[PDB]
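Residue numbers (the UniProt record's numbering), protein chains in the order written: chain A, 25 to 87, 97 to 305; chain B, 25 to 87, 97 to 305; chain C, 25 to 87, 97 to 305; chain D, 25 to 87, 97 to 305; chain E, 25 to 87, 97 to 305; chain F, 25 to 87, 97 to 305; chain G, 25 to 87, 97 to 305.
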Amino acid sequence: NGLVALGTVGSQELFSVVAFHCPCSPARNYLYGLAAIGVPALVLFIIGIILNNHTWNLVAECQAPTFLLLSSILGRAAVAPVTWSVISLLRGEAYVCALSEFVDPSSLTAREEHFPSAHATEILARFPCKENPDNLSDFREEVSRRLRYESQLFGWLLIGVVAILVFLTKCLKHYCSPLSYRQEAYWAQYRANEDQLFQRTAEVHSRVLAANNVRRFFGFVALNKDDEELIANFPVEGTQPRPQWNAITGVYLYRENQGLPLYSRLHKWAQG
Amino acid sequence: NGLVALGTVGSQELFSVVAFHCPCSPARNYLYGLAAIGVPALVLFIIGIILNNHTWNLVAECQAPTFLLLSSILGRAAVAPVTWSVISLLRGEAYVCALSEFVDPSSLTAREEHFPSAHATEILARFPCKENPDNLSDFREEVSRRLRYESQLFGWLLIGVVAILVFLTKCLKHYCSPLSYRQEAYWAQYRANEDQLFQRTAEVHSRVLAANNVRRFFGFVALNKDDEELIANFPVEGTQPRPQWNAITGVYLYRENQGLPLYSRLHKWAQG
Amino acid sequence: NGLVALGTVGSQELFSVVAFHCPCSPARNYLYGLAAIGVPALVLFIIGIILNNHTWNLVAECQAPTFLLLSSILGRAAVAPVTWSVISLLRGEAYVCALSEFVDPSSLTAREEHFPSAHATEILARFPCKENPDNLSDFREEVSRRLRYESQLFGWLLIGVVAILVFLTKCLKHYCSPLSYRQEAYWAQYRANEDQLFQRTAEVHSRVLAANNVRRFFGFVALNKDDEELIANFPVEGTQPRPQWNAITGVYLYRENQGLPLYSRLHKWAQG
Amino acid sequence: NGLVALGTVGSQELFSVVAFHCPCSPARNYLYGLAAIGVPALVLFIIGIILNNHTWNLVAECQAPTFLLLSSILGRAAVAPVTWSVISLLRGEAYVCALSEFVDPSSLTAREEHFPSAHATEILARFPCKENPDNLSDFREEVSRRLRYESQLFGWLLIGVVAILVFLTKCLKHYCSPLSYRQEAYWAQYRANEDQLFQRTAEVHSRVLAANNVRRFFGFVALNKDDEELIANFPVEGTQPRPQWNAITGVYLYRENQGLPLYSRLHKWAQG
Amino acid sequence: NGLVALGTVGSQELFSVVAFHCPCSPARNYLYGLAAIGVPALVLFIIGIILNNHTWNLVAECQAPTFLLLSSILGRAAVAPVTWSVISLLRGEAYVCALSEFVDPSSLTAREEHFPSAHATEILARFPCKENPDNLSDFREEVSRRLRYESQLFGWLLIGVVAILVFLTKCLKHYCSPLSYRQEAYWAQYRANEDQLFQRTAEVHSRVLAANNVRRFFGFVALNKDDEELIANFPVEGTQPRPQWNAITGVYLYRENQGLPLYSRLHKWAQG
Amino acid sequence: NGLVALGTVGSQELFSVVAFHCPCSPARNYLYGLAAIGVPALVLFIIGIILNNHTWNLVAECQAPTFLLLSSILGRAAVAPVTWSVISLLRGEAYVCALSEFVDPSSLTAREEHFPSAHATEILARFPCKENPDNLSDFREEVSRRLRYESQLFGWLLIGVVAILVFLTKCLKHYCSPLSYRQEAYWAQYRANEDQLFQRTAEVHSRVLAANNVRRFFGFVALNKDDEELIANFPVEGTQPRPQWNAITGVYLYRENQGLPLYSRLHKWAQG
Amino acid sequence: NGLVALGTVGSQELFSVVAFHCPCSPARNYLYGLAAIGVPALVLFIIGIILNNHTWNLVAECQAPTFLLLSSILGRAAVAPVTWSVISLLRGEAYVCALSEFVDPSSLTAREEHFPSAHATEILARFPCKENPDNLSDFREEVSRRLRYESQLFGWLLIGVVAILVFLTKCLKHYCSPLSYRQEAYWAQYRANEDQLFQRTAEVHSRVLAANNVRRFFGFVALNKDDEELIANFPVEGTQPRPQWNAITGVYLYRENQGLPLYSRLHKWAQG
């Protein structure tokens, strides 16, 4: 949760220091807007998919359920790109730089000289740049406001729709699940604790095996006090074979034994 | 990981203090741009290849797998030059200094006097310099913006493609590998621990051998308390012969013994 | 490594406080540039050769291998002069002060009055000085930029070539060496430890011999607590003869005993 | 070594506060320059010769080797005057104040009125002073630069030659010496330790003898705790006769006993 | 040594606060200069002779050797007046105030009106004062510089001659002395230690005698803890007669007993 | 010694805050100068004579030697008034305010109108005041300088003569004295210690007698812890009679007993 | 002594804050001056007489010697008023405000219009006030200076006479006294100690008697720890009768018993 706030502060500082620079020219406008606003979205989406464990379980499985699996992964990923997109929409100055060229020159009330010529769409496109002829500046301000309107409106609608989707995926997960409400919280706690304990234990065991391997070369290994106590307590011979390592990996759907429940593939293997 | 951030801050400060100085002249423009933007790329690439262990294993081996080996080394190296290149593209003011000369004088809308003469490409090339005749300055601003556009666009496209390549090499490594997903993490932990323990132990053993050699000369060696305890605990005679040292070095593909796995050449040698 | 950074900071401060003062006159220009930019290079090269142990081993030996010996010494020396030279080239304002006089007066586009006279090469040479006649200043700026171009270009090319040479000498040392890759790192650790232990022990032994010599004069020597414990622990009679001291000094190529390796001449002497 | 840096900082502050004041007059120029720049050189040279032990050994001896003895003393002395001289040359404003008068009035290109008259060498000599007639100031600047050129050039050449001489005396000492390379370092350590121990012991012994002499007068001496422990530990009768004191002083060339080496005259006397 | 530095700082602050005020008038100039620059010299010389022990030994003796005795005393005294004199010469503004009147009015090149009249030597003498008529000021500056020249030149020559005399008296003391080089350093250490111990012991003994005298009056003396321990340890009866006190005082030339040396008159008396 | 420095700082601050205010009028000038500069001299002289012990010994004696006694007292007194007098002379602005009136109006070179009239001595006397008529101011400055000259000259001559007298009284005391040189220093130490011990003991004894007297009134005295220990240790009956007190006071010339010396009248009385 | 310095600082601050305000009017001038300068003198004199013990002894006695008694008291009192008076005289601006009216209008040299009229003594008296008519101001300054002259002169003469009187009363006390010089110092120490001990003991005894009186009322007294220990140690019955208290008070001339001296009336009573 806090990592999300750190990423949000980082995205704010990145928007501040990335210096969005709107080119004013007929065709390149919306192209540059689209790219500059949606490429970091793709980058953050890819990072989200990368730093998630579930996707690697899914790909290892390849060698109704898929719905909820993909839902979990795509949500935990798309948390951040939507944040960046709405922060960029609310600020404006990206939507207007894109859709400035399409502002209809005819239909907008102002002082005289409604719009000069057909060739003038270009000086229309320049509107996001300073581009302030006396005959234009006030007429121009109108377009800036009328575009920032649509930008911020889409931003607020997007925030609303994201909230509605979060609430609906919540209210739909529970109503369609075999487990009760509290058993799932217990399951999540168990999963986190198992992950942490397994990582730490695998590290200690690996270090002990490496110490044995080294000592078999020189005649003595060199350790700190911590590692000394470690190799004093835990002996080690050699890790389990590859089939065992394979039985652990994968995705796990909640399976019950005769009466008792099984909360993970490691659990399923510890019993049999 | 943190070293990458330190190198990034160093690259930022180096760009700030290196003082890119765009010469304005017809031919030298893109030459100077290419060199000043792509020579430090070569330097950082070379440093990356130098400070990597895997490449020296590869060259010691010379005395499908090569694909993944070269992939690992070239990625761990080219992390930094791509960073420098994109930081230089996003800033602009390098792409425009290069491709200013090629801006077509005919096709760009502005005030009267579209473009003076054929000899004027030179005063065109001067555009990145101050070079602001009253007949030109406003017409010039157009070229600056239109070039910074293409620069930042290529920068964003490059960031996107780099992200896509990272994600694809990830998703392709796992899907084509004999091991499971978690066994590889255990393998990486074991490799790091073995490297650290081997380095420290080799240092202690060398110091002990040197102390023996010295003491055989004067009649007594001089030590601190630390070294005193060291020579008190660990005796030493003489390091293993050269064939043994040779059996350790090299690149290692995952080989299994009868059932049990072998996680490194040192491990492979400790058993037999 | 850190000493190199300290020397770099010192070179920067020395360039800041040495006050390069470009004389503007026809012949003296490139002479002063050459001297002021390449004499401290010679000084730093000489210091590098002086503060290196290997060269004194080489000269004591005088009373294919020489290739690598000279390579090691010349590299560990020429680390610094190349740094100073490239820092001076990138700044410019030394190359232009040298090669200002040779700027061809004919071929450089500008306003009217291309170049006044044959006697005017002198007012050409003055270009690095203020020397700003209204008929000249703008025409002059061109030469300053066109020269700083070549200066910084040579600087970047030099950095690139130095990086390439570092990488090639690395990749050529390993591929042509009897030892493995890791045995050489162990060798370097042993060499450093032997040097440190030998220096400290020789100092303690010398101090003890001096204390004996003194005490034989007055009737009692005067010591601190440290020296008291020293003379309490380590007795001393008299240092080994001169042939023994001679067997230690020199350059050492990796020689193997029957099976076991010998890592230094001191080691070679401790066995026999 | 650090004392050299302290002396350098002191020389810098002394140059800052000594206020070199160039008189502008025909004959007195180079006289004042020579004196003010080379008298403190003589002072520092004399101080260097005074604070060196070796010279007093040499003079006590008077009551091929002399080459190296004089070399050691003259180098350890002339370390500082060369530093002062080069710091004064690089700054300029001393060489120009000396050789201003000799600047040939004919051969130096400038505006009209090349040089007024024969009597004008005087207003030439005034050039280091403000002395700025409108007909002269610009013509004058030329002479200032052309002289500072030669000054800084001689300074850099002097630094280079000093470095070359240091390197050559180094490379010539070792190649022509009976000892090995490392035995000389051991010798230097022994010499320093012997000097320190002898000084401290002579002081303690003198204080004890003085305490005995005093106590024989009043009936009791008065001491601190330190001196109390001193007179408690070390008894004293009376220092050795004058011939013994004489056998210690002098210069010592490396003499070998039957096999074993002798590292100082005190050592030579402790054996026999 | 440090006391010399404190006296130097005091002399600097005294020169700063004493406010040398040059009167401009024909005859009084050099008189005031001579007095104000050479009377504090006499004062410092007298203080030096006063605070030296050797001179009182010399005068008590009155009730080749005298050469070295007077040399020691006159040097240890004249250390400071020469310092003050050279600090006053280098600053100038004292020599010029003295010898302004003697500046020959005829021989000094300048603008027209070489020198007005015979009565004008007076307005010449005024030169150190502001005294700036338009017809004079520039002509005057010449005299100020030409006089400060001679002042600083004499100052530097004096520093040089003082250094030469120091070096020659050093090199002449040793070459003509019965003792060796190191025995004299031992002698100096013994002299300092004897002086300190004798002073402290005489003080303690005097205080004890005074305590006895007092206690014989009231019936009890009053003491601190320190004095309590003092009178507890050291008894006292009455100081030695006057002939003994006389045998101690005087000047001592190095006299040898049969074999052993005698380092002071107190030593000479302790034996017999 | 330090008290002299404190008195000097106090005299400086007193001169700063006493606000010497020179009245300009014919007769009152030198009167006010004499008084204001020589009355605090008398005050400091009187204080010096008051705070000296020796003078009271001299006056108690009244109920060649007298030469040295008066010398000691008059010197220890006149230390300070001479300091004040020379500090006042060096500053000037007191001598000129006194002897302004006597400046001969005829003999002083300046501009025209040498001196107006006989009645003008008054406007002459006003010279130390602002009193600056255009016809006078410059002519006046001359008199100020010419008088400050004589003032500072007398000040320096006085300092010199005081130094000479100090040195001569020193060199004459020793040469004419029965004692040796060191015995007198021992004598001075004994005198100081006797004075201190006698004062402290007399105070303690008086307090004890007072406590006895009080306790005989109420029935119990009230004490601190310090006084408690005092009355616990030292009993007291009643001070010695008046003849004994008389035998102690007076001036003492060095008298010898049969062999042994007697260093004070208290000592002389303790023996008999 | 320190109380005198505190009173002096207080007098300075009181003079600063009392705001002497000179009225300018013919008759009231010297009246106001006299009062404002001599009434605080009377106040300080009265305070001095009040806070002195000796005067109350003198008045209790009423129910050649009187000379010295009155001398002691009047001196210890008039210490402060003389200080205030001289501090007021040296500042001036009080004497001039008093004796302005008496300045003879005829005899004072200045510009024309010597003094206007007989009625003008009034505008004369106004001189200490601003009162600066153009015809007067400069003529006025003369009177201010001429009066401040006499003021400061009387101040310095008063300081001198006070010093002379102090010295003469000192030199006359000793020469005419039965006691020796040191016995009087012992007497003063005894007097101070007796006063302090008697005061403290009387306080403790009074508090104990009061505690007994109280406890006889309620049945128990309430005390601190200090008072608890007090009433634990010292019992009390009732103070001595009134004749005894009377025998203690009074003035005491030095009376001798048969041989032994008696230093106070309390002492005289403790014996009999």
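Quick reminder that beta carbons are idealized off the backbone N, C-alpha and C, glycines included.
Which word fits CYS130/G, buried or exposed, when buried means at least 16 other C-beta atoms lie within 10 angstroms of its C-beta? Taking the first residue of the seventh sequence as position 1, residue 130/G is located at position 97. Around the C-beta of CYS130/G, 16 or more other C-beta atoms lie within 10 Å, and the residue is accordingly described as buried.
Spatial neighbours of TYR128/D in its chain, beta-carbon cut-off 6 Å, leaving aside the 5 residues before and after: Mapped onto the fourth sequence, residue 128/D falls at position 95. So the list reads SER184, once near-sequence residues are dropped.
Inter-residue Cα distance where the pair is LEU263/B and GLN277/B: Residue 263/B sits at position 230 when you count from the first residue of the second sequence. Residue 277/B sits at position 244 when you count from the first residue of the second sequence. In this model, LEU263/B and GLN277/B are separated by some 25 Å (Cα to Cα).
Using 8 Å as the threshold, is the C-beta distance between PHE200/C and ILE70/B below it? Counting from one through the third sequence, the residue named residue 200/C turns up at place 167. Counting from one through the second sequence, the residue named residue 70/B turns up at place 46. Pairing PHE200/C with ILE70/B gives a Cβ-Cβ distance under 8 Å.
Quick one: give me the first and last residue of the alpha helix (DSSP H) that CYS86/G is part of. Here residue 86/G refers to the residue found at position 62 of the seventh sequence. Looking at the DSSP string, the run of the alpha helix (DSSP H) that includes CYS86/G is 77-86.
In the DSSP output, what is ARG288/F paired with across the bridge? For the purposes of this step, residue 288/F is taken as the residue at position 255 of the sixth sequence. DSSP, once it has assigned bridges, lists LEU295/F as partnering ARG288/F.
Of all the options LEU230/F, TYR223/F, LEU101/F, which has the alpha carbon lying nearest to the alpha carbon of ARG233/E? As a working note, residue 233/E is residue 200 in the fifth sequence. Closest by alpha carbon: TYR223/F.
Reduced DSSP secondary structure (H/G/I, E/B, other) of residue 89/F: This structure gives no coordinates for residue 89/F. The numbering of chain F moves from 87 immediately to 97.
Does DSSP put residue 373/D in a helix, a strand or coil? With chain D represented from 25 up to 305, any question about residue 373/D goes unanswered, as that position is not in the structure.
Let me check understanding here. Comparing Cα to Cα, which of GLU217/E, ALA153/E, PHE135/E lies closest to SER177/E? Within the fifth sequence, the letter at position 144 stands for residue 177/E. Comparing alpha-carbon positions, the option among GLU217/E, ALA153/E, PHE135/E lying closest to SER177/E turns out to be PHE135/E.
If distances are taken between C-alpha atoms only, which option among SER49/F, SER133/F, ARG173/F, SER210/F comes closest to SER140/G? Along the seventh sequence, one-based indexing puts residue 140/G at 107. When the alpha-carbon of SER140/G is set against those of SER49/F, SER133/F, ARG173/F, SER210/F, the nearest one is in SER49/F.
Any idea what DSSP makes of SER104/B, helix, strand or coil? If you number the second sequence from 1, residue 104/B lands on position 71. Correct three-state label for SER104/B: helix.
So with CB distances below 8 Å, who are the chain A contacts of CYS130/B? Within the second sequence, residue 130/B is the residue found at index 97, counting from 1. The contacting residues do not exist; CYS130/B stays about 17 Å from chain A at best.
To the nearest whole angstrom, what separates the beta carbons of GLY125/A and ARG179/A, a pair I think is in contact under 8 Å? By one-based count along the first sequence, residue 125/A stands at place 92. By one-based count along the first sequence, residue 179/A stands at place 146. The pair is not a contact, with the Cβ atoms about 11 Å apart (cut-off 8 Å).
Using three-state DSSP, classify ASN226/G as helix, strand or coil. Along the seventh sequence, read from residue 1 onward, the residue named residue 226/G stands at position 193. Correct three-state label for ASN226/G: helix.
If contact is defined by three or more beta carbon pairs under 8 Å, each pair taking one atom from either stretch, is the stretch 33-51 of chain F in contact with the stretch 230-246 of chain F? Output reads no: the stretch 33-51 of chain F does not touch the stretch 230-246 of chain F.
Kindly confirm or deny that the stretch 114-125 of chain E and the stretch 184-198 of chain E touch, where touching means at least three C-beta pairs closer than 8 Å. Result yes; three or more Cβ-Cβ pairs closer than 8 Å.
Between the C-alpha atoms of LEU256/C and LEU212/E, what's the straight-line distance to the nearest angstrom? Working through the third sequence from its first residue, we reach residue 256/C at position 223. Working through the fifth sequence from its first residue, we reach residue 212/E at position 179. Rounded to whole angstroms, the gap between the alpha carbons of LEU256/C and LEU212/E is 28 Å.
Residues of its chain near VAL195/B, where Cβ-Cβ distance is below 7 Å and the 5 sequence neighbours each way are ignored: Walking along the second sequence from the start, residue 195/B turns up at place 162. If we look at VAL195/B and ignore the five residues flanking it on each side, its Cβ neighbours are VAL115.
8 Å is my cut-off, CB to CB: does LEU242/F come that close to chain G? Translated into positions along the sixth sequence, residue 242/F becomes position 209. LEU242/F belongs to the set of residues whose beta carbon lies under 8 Å from a beta carbon in chain G.
Within the same chain, show all residues whose beta-carbon is closer than 7 Å to that of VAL33/G, passing over the 5 residues directly before and after it, in chain order. Counted from its first residue, the seventh sequence places residue 33/G at position 9. Closer than 7 Å at the Cβ level, and outside the excluded window around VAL33/G, lies no residue.
Using the C-alpha atoms, what's the distance from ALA110/F back to residue 92/F? Because chain F is numbered from 87 directly to 97, the model contains no atoms for residue 92/F.
Closer than 7 Å, Cβ to Cβ, to anything on chain E: give me those residues from the stretch 207-240 of chain F, in chain order. Here the close residues are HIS207, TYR208, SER213, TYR214, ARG215, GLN216, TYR219, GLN222, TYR223, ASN226, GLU227, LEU230, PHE231, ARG233, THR234, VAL237, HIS238.
Is there a Cβ from chain C that is less than 8 Å from the Cβ of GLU155/B? Locating residue 155/B in the second sequence gives position 122, counting from the first residue. At least one CB atom of chain C sits nearer than 8 Å to the CB of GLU155/B.
Residue range of the unbroken alpha helix (DSSP H) whose run includes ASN279/B: Along the second sequence, read from residue 1 onward, the residue named residue 279/B stands at position 246. From DSSP, the alpha helix (DSSP H) with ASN279/B extends over 275-281.
Please go through the same chain and pick out, in chain order, the residues whose beta-carbon is closer than 8 Å to the beta-carbon of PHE267/A, but skip the five residues on each side of it. Locating residue 267/A in the first sequence gives position 234, where the first residue counts as 1. Take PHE267/A, set aside five residues on each side of it, and the residues of its chain with a beta-carbon closer than 8 Å to its own are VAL237, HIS238, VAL241, in chain order.
Output needed in chain order: residues of the stretch 156-188 of chain F with a Cβ under 9 Å from some Cβ in chain E. So the close ones are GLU174, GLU175, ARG178, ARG179, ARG181, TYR182, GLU183, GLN185, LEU186.
If we call anything under 8 Å between Cβ atoms a contact, is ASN226/A one with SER133/A? The residue given as residue 226/A occupies position 193 in the first sequence. The residue given as residue 133/A occupies position 100 in the first sequence. For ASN226/A and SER133/A, no; Cβs fall outside 8 Å.
Considering Cα atoms alone, identify which of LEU169/B, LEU190/B, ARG144/B, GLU145/B is closest to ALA153/B. Here residue 153/B is taken as the residue at index 120 of the second sequence, counted from 1. Of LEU169/B, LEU190/B, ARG144/B, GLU145/B, the smallest CA-CA separation from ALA153/B is found for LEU169/B.
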